[PDB]
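Only one chain is included here, represented as structure tokens and corresponding to the form deposited in one PDB entry.
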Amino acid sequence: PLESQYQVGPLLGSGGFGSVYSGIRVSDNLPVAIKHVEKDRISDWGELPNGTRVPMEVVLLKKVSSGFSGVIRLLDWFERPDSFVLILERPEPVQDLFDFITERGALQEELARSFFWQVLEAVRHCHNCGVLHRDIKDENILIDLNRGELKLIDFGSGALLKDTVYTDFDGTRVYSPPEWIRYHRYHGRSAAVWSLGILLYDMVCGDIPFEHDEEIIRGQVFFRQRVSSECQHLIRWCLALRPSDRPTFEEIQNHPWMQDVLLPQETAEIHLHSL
């Protein structure tokens, strides 16, 4: 047990009410993120395979951890009287997709296609593991600036994936679909695909398409930057008003705009400058 197996560093992130510290695993120097979660604001508890009462976030992290590098891995966790503490992998150097977009504006299609594809692979891997993220967005995506690999983070609004209707939601409103806004219901996959359309527009236009409830419900997309027709068609497809008109993961990945994606390595050399 105990907190001498990590050395705590500076607080990460530039705002918000959460607490995440840069850390280093004393045992082997592995860089890690130390995320503190308060009991008071966990609304969702689950119970572990061996049946302990933990935050849903932990149950979901444990279900998606494993060889595949597309989701940040939970390396360990500890409970305290008033909070849980989660130890996760930390790439170094790293930058979130929100900052990266703040710095570099709208991304070339080629870089968006490669980022977007790795996001699809990560989300497929969560779904495949029985986990629904429910807050896919540029702040919840890390870029490993050296290998050009993206990593999905923050399962704090997620749920077990199921085929029936969800009537609760706690993620980011401007990424949530029109069926949630109007009826307080949605289904997992189709909701996630809407958030993927918002994300792809964000990447190619440098900002999200909708801020207000009405624009979400209206679902009309205006492009403010030059964006190929195939990419605009994928986006409008993801943002179909009717859930059953959205594409599956498989159709998104077999879309003509998704062909000939760069490997992560090439993506970092070309767009992140590696060598």
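Here the rigid core means the biggest group of C-alpha atoms that line up within 1.5 Å when the two forms are laid on top of each other. In this text, residue numbers run from 1 along the sequence as written. Shifts are known only where both forms have a C-alpha.
Colleague: Should the higher mean CA B-factor in the entry be assigned to 66-74 or to 244-252?
Modeller: Looking at the recorded C-alpha B-factors, 66-74 comes out higher on average.
Colleague: Check the entry's C-alpha temperature factors for 191-199 and 175-183, then say which stretch has the higher mean.
Modeller: Averaging CA B-factors over each stretch, the winner is 175-183.
Colleague: Just the C-alpha B-factor column, please: which of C238, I208, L48, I34 has the biggest number?
Modeller: The record points to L48.
Colleague: Where does the C-alpha B-factor of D82 rank in its chain, lowest, middle or highest third?
Modeller: Top third by C-alpha B-factor.
Colleague: Select lowest, middle or highest to describe the third in which the CA B-factor of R90 falls within its chain in this entry.
Modeller: Middle third by C-alpha B-factor.
Colleague: Tell me, lowest, middle or highest third: where does the Cα B factor of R104 rank within its chain?
Modeller: Highest third - that is where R104 ends up once the chain's C-alpha B-factors are sorted.
Colleague: Where does the C-alpha B-factor of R226 rank in its chain, lowest, middle or highest third?
Modeller: Within its chain, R226 is a lowest-third residue by C-alpha B-factor, going by the deposited values.
Colleague: Consider only the C-alpha atoms of the modelled residues in this chain, order them by B-factor as the entry records it, and name the third containing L30: lowest, middle or highest.
Modeller: According to the entry, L30 has a C-alpha B-factor in the chain's highest third.
Same protein, other form: the form deposited in another entry, not shown, and the subject of what follows.
Colleague: Align both forms on the core first, then report whether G16 has a C-alpha shift of 2 Å or more between the shown form and the other one.
Modeller: Shift at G16: 2 Å or more after core fit.
Colleague: Comparing against this form, do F17 and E57 have their CA atoms pulled together or pushed apart in that other deposited form? The difference is 3 Å or more.
Modeller: The answer is closer, because the C-alphas of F17 and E57 approach each other in that other deposited form by 3 Å or more.
Colleague: A 3 angstroms or greater change in CA distance between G15 and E57 is reported in that other deposited form. Closer or farther than in this form?
Modeller: Residues converge in that other deposited form, at least 3 Å closer.
Colleague: Three or more consecutive residues, each Cα shifted by 2 Å or more between the shown form and the other one after core superposition: list those runs for me in sequence order.
Modeller: CA shift runs, sequence order: 13-18, 49-51.
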